[PDB]
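J.: As you go down the protein sequences, you meet chains F and E in turn.
Counting in the authors' numbering, the first sequence runs from 736 upward without gaps.
Under the authors' numbering, the letters of the second sequence match residues 110 to 173, 178 to 264, 267 to 588, 594 to 888, in that order.
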Amino acid sequence: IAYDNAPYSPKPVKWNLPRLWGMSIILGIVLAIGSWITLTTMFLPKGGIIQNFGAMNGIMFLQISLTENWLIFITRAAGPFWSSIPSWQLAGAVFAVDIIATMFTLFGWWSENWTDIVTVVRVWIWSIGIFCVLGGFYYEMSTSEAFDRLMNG
Amino acid sequence: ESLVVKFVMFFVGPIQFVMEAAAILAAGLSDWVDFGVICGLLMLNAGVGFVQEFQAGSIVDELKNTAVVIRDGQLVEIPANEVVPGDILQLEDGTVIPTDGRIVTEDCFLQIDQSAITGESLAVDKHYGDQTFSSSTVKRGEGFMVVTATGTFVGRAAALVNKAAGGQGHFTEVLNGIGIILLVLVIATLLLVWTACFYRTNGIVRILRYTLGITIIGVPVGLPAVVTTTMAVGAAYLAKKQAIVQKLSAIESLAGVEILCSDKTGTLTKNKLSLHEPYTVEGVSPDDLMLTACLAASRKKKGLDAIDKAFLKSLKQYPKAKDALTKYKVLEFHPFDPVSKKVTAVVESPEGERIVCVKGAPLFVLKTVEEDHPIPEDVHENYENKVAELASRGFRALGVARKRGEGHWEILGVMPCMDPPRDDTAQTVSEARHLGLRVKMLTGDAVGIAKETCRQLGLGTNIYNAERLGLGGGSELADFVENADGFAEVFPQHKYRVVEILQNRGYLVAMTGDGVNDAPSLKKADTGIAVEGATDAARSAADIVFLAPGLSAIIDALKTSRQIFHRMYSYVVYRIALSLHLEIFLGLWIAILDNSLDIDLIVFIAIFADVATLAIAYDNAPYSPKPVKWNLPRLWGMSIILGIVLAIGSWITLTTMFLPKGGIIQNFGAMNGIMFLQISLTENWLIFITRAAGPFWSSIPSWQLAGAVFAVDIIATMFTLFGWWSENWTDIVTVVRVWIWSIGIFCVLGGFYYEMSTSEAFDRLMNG
Ligand SMILES: [C][C][C][C][C][C][C][C][C][C][C][C][C][C][C]C(=O)O[C][C]([C]OP(=O)([O-])O[C][C][N+]([C])([C])[C][O-][P@@](=O)(O[C][C][N+]([C])([C])[C])O[C][C]([C]OC(=O)[C][C][C][C][C][C][C][C][C][C][C][C][C][C][C])OC(=O)[C][C][C][C][C][C][C]/[C]=[C]\[C][C][C][C][C][C][C][C])OC(=O)[C][C][C][C][C][C][C]/[C]=[C]\[C][C][C][C][C][C][C][C]
Ligand SMILES: CCCCCCCC/C=C\CCCCCCCC(=O)O[C@@H](COC(=O)CCCCCCCCCCCCCCC)COP(=O)([O-])OCC[N+](C)(C)C
Ligand SMILES: CCCCCCCC/C=C\CCCCCCCC(=O)O[C@@H](COC(=O)CCCCCCCCCCCCCCC)COP(=O)([O-])OCC[N+](C)(C)C
Ligand SMILES: CCCCCCCC/C=C\CCCCCCCC(=O)O[C@@H](COC(=O)CCCCCCCCCCCCCCC)COP(=O)([O-])OCC[N+](C)(C)C
Ligand SMILES: CCCCCCCC/C=C\CCCCCCCC(=O)O[C@@H](COC(=O)CCCCCCCCCCCCCCC)COP(=O)([O-])OCC[N+](C)(C)C
Ligand SMILES: CCCCCCCC/C=C\CCCCCCCC(=O)O[C@@H](COC(=O)CCCCCCCCCCCCCCC)COP(=O)([O-])OCC[N+](C)(C)C
Ligand SMILES: CCCCCCCC/C=C\CCCCCCCC(=O)O[C@@H](COC(=O)CCCCCCCCCCCCCCC)COP(=O)([O-])OCC[N+](C)(C)C
Ligand code: BEF
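1) I need the DSSP call for E:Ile490, collapsed to helix, strand or coil.
2) Please state whether DSSP places E:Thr878 in a helix, a strand or coil.
3) In angstroms with no decimal places, state the Cα-to-Cα distance between F:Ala836 and E:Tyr314.
4) Run through DSSP, which three-state label would F:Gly757 get?
5) Note down the Cα distance separating E:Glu463 from E:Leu419, rounded to an integer number of angstroms.
6) For the stretch 783–793 of chain F and the stretch 844–859 of chain F, state whether three or more C-beta atom pairs, one from each stretch, are separated by less than 8 Å.
7) Does the distance between the C-beta of residue 688 of chain F and the nearest non-hydrogen atom of ligand 2 fall short of 7 Å?
8) Relative to chain E, which residues along the stretch 750–775 of chain F have a C-beta separation below 7 Å, given in chain order?
9) Please compile the residues from chain F whose C-beta is within a distance smaller than 9 Å of the C-beta of residue 86 of chain E.
10) Measuring only the C-alpha atoms, how far is E:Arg659 from E:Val665?
11) Spell out whether any CB of chain F is found under 8 Å from the CB atom of E:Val299.
12) By the 10 Å Cβ neighbour count, where 16 or more other Cβ atoms means buried, how is E:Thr483 classified, buried or exposed?
13) May I have the straight-line CA-CA distance separating residue 892 of chain F from E:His614, to the nearest angstrom?
14) Residues of the stretch 843–863 of chain F in Cβ contact with chain E at a cutoff of 7 Å, in chain order, please.
15) Say yes only if the C-beta of F:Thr775 is nearer than 7 Å to one or more non-hydrogen atoms of ligand 3, and no if none qualify.
16) How long is the line joining the alpha carbons of F:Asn887 and F:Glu880, rounded to whole angstroms?
17) Give the residues of chain F in contact with E:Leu305, contact being defined as C-beta atoms less than 7 Å apart.
18) Can you give me the C-alpha to C-alpha distance between E:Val237 and E:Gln227, rounded to a whole angstrom?
19) For ligand 8, I want to know if E:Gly606 counts as a neighbour, meaning its beta carbon is within less than 7 Å of at least one of the ligand's heavy atoms.
20) Examine ligand 2 and report whether any of its heavy atoms sits within less than 7 Å of the Cβ of E:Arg315.
21) From the DSSP output, read off the bridge partner residues of E:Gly214.
22) Write down the C-beta distance between E:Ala541 and E:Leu572 rounded to the nearest angstrom, noting that I regard them as a contact closer than 8 Å.
23) Can you list, in chain order, the residues of its chain whose CB lies under 6 Å from that of E:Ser819, leaving out five sequence neighbours each side?
24) Using the beta-carbon of each residue, which ones in chain F are nearer than 7 Å to E:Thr343?
25) Quick check for students: name the residue ranges of the beta strand (DSSP E) that lie wholly in the stretch 402–465 of chain E, counting only runs of 3 or more.
26) F:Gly871 versus chain E: which residues are under 9 Å apart at the beta carbon?
27) Would you say F:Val829 lies against chain E (beta-carbon separation less than 8 Å)?
28) Is the beta carbon of E:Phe448 sitting closer than 8 Å to the one on E:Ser400?
29) May I have the straight-line CA-CA distance separating E:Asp534 from E:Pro211, to the nearest angstrom?
30) Relative to ligand 3, is the shortest distance from any of its heavy atoms to the C-beta of F:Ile768 smaller than 7 Å?
31) If you follow the beta strand (DSSP E) that F:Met777 is in, where does it begin and where does it stop?
32) Can you pull the DSSP bridge partners for E:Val189?
33) According to DSSP, simplified to helix, strand and coil, what is E:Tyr627?
34) Apart from the five residues just before and just after E:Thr407, which ones in its own chain have a Cβ nearer than 7 Å to its Cβ?
35) Could you check whether the Cβ of E:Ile799 sits closer than 8 Å to any Cβ belonging to chain F?
36) Please confirm if the stretch 625–634 of chain E is in contact with the stretch 142–150 of chain E, defined as three or more CB-CB distances below 8 Å between the two stretches.
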């Protein structure tokens, strides 16, 4: 993040803590709903999100790491996440970490034995869906004049 | 550049980006049929866009200098490419100037015409050391000038035009805005079906197949193609009325504009000097007094001064050109002088009557002889009070007189002249005010001369100097410029800022310009308008060029501009509902039932929604008297409901087929075929409700649109009967059941859209 490009506000900055907390209240729950949707699929017989074979701990750690890491891309951008191109240092850092996250579940390190590649790409594409949901919420929170008023009072 | 501007058209706009996402996904799924259609249709959006931009670009290119110098002390003639700035050049009478120059030394002073670039229709007398501008025409004298820089209002124009053109357009903003929201709804329904496709353990190929089908309909594949086609076909009507567009987005903006800014010089006025006759002095011959003036003028191209040329064709007598020289036998003529400021002519009359006629400034004509008129101080005040009326009227003042041979002057009077506006521009403004847009005028001329054109045109005569309150470097400024009837003495960077204030307050702005002064503003303007006398920098920077003389072609252009909007407004209301239909319908079908209409049948719905609305461009439409709105919150809310009413209707039909004994199947049918028969009929006819203001029967559909839908409905009908890409067969008796039921849904849709569109409340509720 230190090497990420950022825009400077023309006004003095705010550190608006009540809005900061309320915006992080929601995004964590949207993550929490999303991980709970994914986890309970694995409860079903025939796998749910497991297509061939997978690890219940490995898939969620694959799920959680992908969903947590990309959350930085929404927050780093004013308004919509596509407004500002991420710096190569940040983007390279997350994408490398997502790869290291991906290797852990495939080879099943510190977890149940193995998870196949077909289950892994299912988790990746689903995590992209959660990511696009997060862009909607954060944009609808951050530029909205009402949410600042409601969380302040 | 051509390949670059084409390939950005494929990229730009969120609708287009996901098509490569759709194209690669269909290619990765080895469904080359779906790969061909969108990639094929993506070229069609370029195909309409590129061919028009090339062809109309050809027309404006069909519309699109040497100097005498002293080099190493010897005089040669060189073109304008190799002049190096900060060096002395010798420019003479009648030349076109390459670059700005500082006048070194002159014994008599230059007069050049600044009408071409900065617009002053009065030749300016120019002193030593004066700032001279490029591209002007010298009307008087000889001079040495040292040049300042190479191409610089031409250089100022090019830099500002390159500075401008950001903010692609008002259309592309709302075109991207709909594209974002629909993509969100794609993601919203994709998450619903991806959740369900996990709970029932599904292969990734099956899930992506459902994902492929949703994203084809959710973001409209044909909407970039149709809407550009709709405005391009309308633009062909403009070309048939002598009006050429360069970039298409201006034509919808010409509908949405409600402030027209005007330049007095080229756009409003004929830039030829002319005289008002009712505003003349008490001289005994009102008409013969100007006939005296033509006697005191040169008759051939050496002495054809700019004002003197105005007199020659000013007469109403049929031989106006020849009447100034009918056997008058000019002996000698006095040329115009910087200091005496007179032209007088000696002519010979029958019976040896040497009579002399003069022109000049009112003060210098009045003081030829002090006592020649009776009550000499009163006739002094009489004209000078009249000149005081005339100066406050903004007319340039010229006095004439007459003397006998022995030398007694007789002062005939003073006569005014100016650059008059065209005949139609009196009315072209007048029904522009009828057509709902306030008009303002932006000129570099003096305020008082612009005040005259205000009350002649009937604008309001409330204009202000650009320099004194146009900011050099505001909400209180915003109130002033919006309330200002016009701005005079404006510079190129002020004209851009006059637009800048109005865009920030929310107005859509179109302006008409010929000179290079407002060509930077033309690129900034939502609709860049050029006239028949437009300069090259204007025509390159203007979004629309008028080939016809006069400004009257805008009312023709504006009326069809609003018609194109209502043609597009009908389609975009229609097409969002279809996406919102199949997002709900396929989204729930995959969620509740884990089945969907087969992927082969999905792409055909995208084509049929497209190709039926390709004929929207040729549909007849009414133009609103007010400026158009593009009211997006109501547009979205009205399309929210109509898609759900479709979604309820398709869900009623689908669940009938769940029953044993068929439900809607009377003899035998195909579950995929009947719904595709159902969906295509319900989607296609939705255009008929939206195309009509209020009730759908209010306006008869055009044969192009009606024939397009009815043919498509037939092609929809053949597919389910013979069961192509579906289950085997569906009999005709089931098909006519679906047709009559779809008519029922259609009549329901007429009720909702009518109860939405004309209702004052729903607009308020969806806005807030
Ligand atoms: C606002 C918020 C809202 C919330 C809502 C909540 C919901 C709740 C739901 C729950 C339900 C539960 C279910 C139960 C059932 C059971 O469990 O089971 C039992 C039965 C028997 O068992 P078994 O043993 O297992 O058996 C076996 C069989 N088998 C073999 C399996 C077979 O097969 P298949 O494959 O085939 C077919 C069949 N059929 C017959 C049908 C033909 O199949 C299978 C089945 C089983 O599976 C299952 O389980 C199913 C489950 C499903 C669940 C889902 C859930 C949904 C969720 C959604 C959510 C949304 C969110 C959004 C918000 C934001 O089989 C069978 O058979 C079964 C039957 C059926 C079942 C199911 C039914 C339906 C369900 C649900 C629906 C609802 C939806 C709602 C929507 C909302 C909107 C918003 O036994 C029996 O019999 C059963 C009976 C019972 C029934 C129940 C009823 C329901 C209740 C309620 C409803 C709802 C209401 C609420 C409303 C709201 C308002 C607002
Ligand atoms: C934003 C917050 C939104 C609210 C969240 C609440 C969501 C609700 C959460 C969970 C609800 C579903 C749990 C029920 C599981 C049933 C178990 C079962 O037996 O499976 C049954 C199917 O039943 C289904 O799979 C239906 C699932 C559709 C859910 C649609 C709502 C998703 C919302 C999207 C938002 C998600 C993203 C949210 C943000 C990331 C049967 O399975 P089977 O018998 O084994 O197979 C049949 C045999 N066969 C294969 C031949 C057919
Ligand atoms: C938003 C809601 C979305 C989630 C809806 C969940 C619906 C889906 C629920 C169930 C799907 C069907 C599961 C049972 C079907 C098969 C029966 C069976 O095998 O027994 C199961 C009993 O285990 C359970 O009963 C699971 C209980 C799920 C609780 C979900 C908590 C939701 C909280 C969310 C709040 C978040 C919001 C936070 C906001 C503060 C097996 O249990 P097991 O020991 O683990 O496995 C044994 C191995 N085997 C199964 C392979 C044999
Ligand atoms: C917006 C919120 C949306 C909520 C949607 C609710 C989704 C609920 C929808 C479906 C839930 C139940 C699905 C039924 C599927 C079971 C089928 C069956 O065979 O019975 C099973 C029993 O099942 C159990 O043992 C218990 C599992 C049900 C508890 C689920 C609680 C969900 C909590 C909701 C939290 C919401 C809190 C959220 C608040 C924020 C079979 O077990 P068995 O007979 O003992 O033997 C199995 C043998 N076998 C393994 C070979 C098969
Ligand atoms: C106002 C708002 C309300 C919303 C409307 C609520 C309507 C829903 C109300 C009722 C639908 C339930 C019908 C009961 C069916 C019982 C019989 C049955 O087959 O059960 C099935 C499960 O059933 C489910 O899992 C239902 C889950 C769908 C919930 C979707 C809500 C999302 C709302 C978001 C709105 C969407 C908008 C989209 C976003 C733009 C059995 O499971 P299966 O094994 O998989 O089936 C057979 C499979 N087979 C044939 C291959 C063998
Ligand atoms: C507005 C509501 C209107 C719809 C009301 C629905 C009431 C009617 C409901 C059912 C009619 C009766 C059907 C069962 C009767 C016969 C039993 C049977 O054959 O099993 C069936 C079980 O399949 C089902 O259970 C169908 C479930 C219907 C869910 C409808 C979702 C409504 C969502 C709408 C939200 C839209 C609003 C969107 C707003 C966001 C057969 O299923 P099958 O595998 O497909 O066929 C096998 C072949 N065979 C049957 C020929 C042998
Ligand atoms: C304003 C909204 C209006 C809603 C109207 C509600 C309409 C609901 C009214 C009626 C629906 C049920 C009709 C009963 C017909 C059953 C006939 C029968 O024999 O039982 C069947 C079982 O049936 C099933 O298998 C499940 C079907 C019922 C689920 C319907 C859910 C509707 C969801 C509502 C969504 C609303 C959400 C909308 C929210 C916007 C027979 O199956 P079987 O015994 O296994 O074998 C059959 C053998 N046979 C094929 C030879 C016959
Ligand atoms: F010459 Be001006 F711009 F009308």
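Idealized CB from N, CA, C, for every residue including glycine.
T.: Per the coordinate set shown:
1) coil
2) coil
3) 24 Å
4) helix
5) 22 Å
6) yes
7) As displayed, chain F neither begins before 736 nor continues past 888, which places residue 688 of chain F out of reach and without an answer.
8) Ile772
9) Nothing can be reported for residue 86 of chain E: it is not among the residues displayed for chain E, which extend from 110 to 888.
10) 6 Å
11) yes
12) buried
13) Residue coverage of chain F in this structure runs from 736 to 888, which leaves residue 892 of chain F outside it and unanswerable.
14) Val853, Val856, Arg857 and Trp861
15) yes
16) 11 Å
17) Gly864
18) 8 Å
19) no
20) yes
21) E:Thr245 and E:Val260
22) 6 Å
23) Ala812
24) Ordered by position in chain F, no residue passes the 7 Å Cβ test against E:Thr343, which lies about 24 Å from the chain.
25) 457–464
26) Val299, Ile302 and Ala303
27) no
28) no
29) 26 Å
30) yes
31) It is not in any beta strand (DSSP E) - F:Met777 carries neither H nor E in the DSSP assignment.
32) E:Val182
33) coil
34) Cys472, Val515, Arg517 and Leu527
35) no
36) no
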